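Participant: the amino acid sequence is not available; the structure is as follows:
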């Protein structure tokens, strides 16, 4: 997953109105850059999670989550809760219904619930 | 607050009263608006009732502060996306205009967090014996 993120990074690696637009473009490029960076750091933490974990079931739980969700979004999610992303992934994977439940209903709230999810969780 | 429950309810009720291919556009708009309004009412009463349940003396007061602070819809949406939690958080809203401003400044995904984090932070885990 990191390498896929790395490819996005690799992409980065490789008159008044115009001033407003060129400026807007600079801002946009920078934004993309930062998000992607968020994505590698997210990857860094995701793999911080993955390396500290050595769990392919957690990886499998994610796989269930992955079929369910677009990865970049999950990565943004990883960005949101770097500390518990792995944990978060595990719950959802364990809870196949819950993640879709998040999708079907109030995704905005669902992410909000994600912290809670990222919460009541009593770890191991 | 009970009086102010009406203020929010009234604007909505008035629209609820209805003195507002093309017809398909119409149906979509109307129904959606109506659903949103019903939600707002669940919320309006809730915003007000829960606030009453708190009864902290400045609810409505602060409401103004927050309302002025932010586009009303944001908060309203927040109410939608928050139970009593909401109004209490509205309370907090007034509780922190600059902080709130920071909360506002933060991007939309971040915004969730703002609300998010605040909510539990802002609630009542009970106690034992």
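Facilitator: Arrived safely, thanks for sending. Numbering: from 1, shown residues only, chains lettered A, B, ... in the order given.

Participant: now do the helices in chain A.
Facilitator: A:2-13, A:16-53, A:56-68, A:71-80, A:85-94, A:96-104, A:107-120 (DSSP state H).

Participant: got those helices as TSV, with distance to chain B columns?
Facilitator: For every residue, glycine as well, the C-beta is placed using N, CA and C. Shown next, in TSV, are those (distance: least, C-beta to the nearest C-beta, whole Å):
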stretch	distance to chain B
helix A:2-13	18
helix A:16-53	10
helix A:56-68	18
helix A:71-80	7
helix A:85-94	13
helix A:96-104	12
helix A:107-120	5
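
Participant: any chance of the ones you listed in a markdown table, with mean neighbour count too?
Facilitator: A markdown table is the format used below for the helices of chain A (neighbours: other C-beta atoms under 10 Å in any protein chain shown):
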| stretch | mean neighbour count |
| --- | --- |
| helix A:2-13 | 14 |
| helix A:16-53 | 14 |
| helix A:56-68 | 16 |
| helix A:71-80 | 20 |
| helix A:85-94 | 22 |
| helix A:96-104 | 15 |
| helix A:107-120 | 17 |
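
Participant: contacting residues around the nearest residue to residue A:86 once chain neighbours are set aside?
Facilitator: Nearest residue to residue A:86, sequence neighbours excluded (C-beta to C-beta, 6 or more residues apart in numbering or on different chains): residue A:49, at 3.4 Å. For residue A:49, the contact set (C-beta atoms under 8 Å, 6 or more residues apart in numbering or on different chains) comprises A:58, A:85-86.

Participant: and the most centrally placed residue in chain A, how far from residue A:116?
Facilitator: Central residue of chain A (C-alpha atoms, centre = their mean): residue A:75, 1.4 Å from the mean position. Residue A:75 sits 21 Å away from residue A:116, going by C-beta to C-beta, to the nearest Å.

Participant: what's the answer for residue A:23, then?
Facilitator: On the measure of C-beta to C-beta, residue A:23 and residue A:116 end up 40 Å apart.

Participant: check residue A:16 too.
Facilitator: Counting by C-beta to C-beta - residue A:16 and residue A:116 are separated by 48 Å.

Participant: also residue A:76?
Facilitator: 18 Å.

Participant: again with residue A:98
Facilitator: Looking at residue A:98 against residue A:116, where the rule is C-beta to C-beta, the gap reads 12 Å.

Participant: same deal with residue A:81?
Facilitator: Distance from residue A:81 to residue A:116, by C-beta to C-beta: 11 Å.

Participant: end to end, how far does stretch A:73-89 reach?
Facilitator: Using C-alpha to C-alpha, to the nearest Å, one end of stretch A:73-89 lies 13 Å from the other.

Participant: what's in contact with that stretch?
Facilitator: For stretch A:73-89, using C-beta under 8 Å, 6+ apart, the contacting residues are A:5, A:35, A:38-39, A:41-43, A:45-46, A:48-50, A:53, A:55, A:58, A:61-62, A:65-66, A:111, A:114-115, A:117-118, A:121, A:123, B:109, B:113.

Participant: got it, and stretch A:7-26?
Facilitator: By C-beta under 8 Å, 6+ apart, the list of residues contacting stretch A:7-26 reads A:32-33, A:36-37, A:39-40, A:72.

Participant: let's see it at 6 Å
Facilitator: A:33, A:36, A:40 (C-beta atoms under 6 Å, 6 or more residues apart in numbering or on different chains).

Participant: ok, now stretch A:30-47?
Facilitator: A:2, A:5, A:8-9, A:12, A:75, A:78-79, A:82, A:85.

Participant: could you redo the last one with a cut-off of 8 Å?
Facilitator: A:1-2, A:5-6, A:8-9, A:12, A:72, A:75-76, A:78-79, A:82-83, A:85-86.

Participant: ok, residue A:90 - contacts?
Facilitator: Residue A:90 sits in contact with A:58, A:61, where contact means C-beta under 8 Å, 6+ apart.

Participant: err, residue A:116, not the other one
Facilitator: Residue A:116 touches residue B:120, counting by C-beta under 8 Å, 6+ apart.
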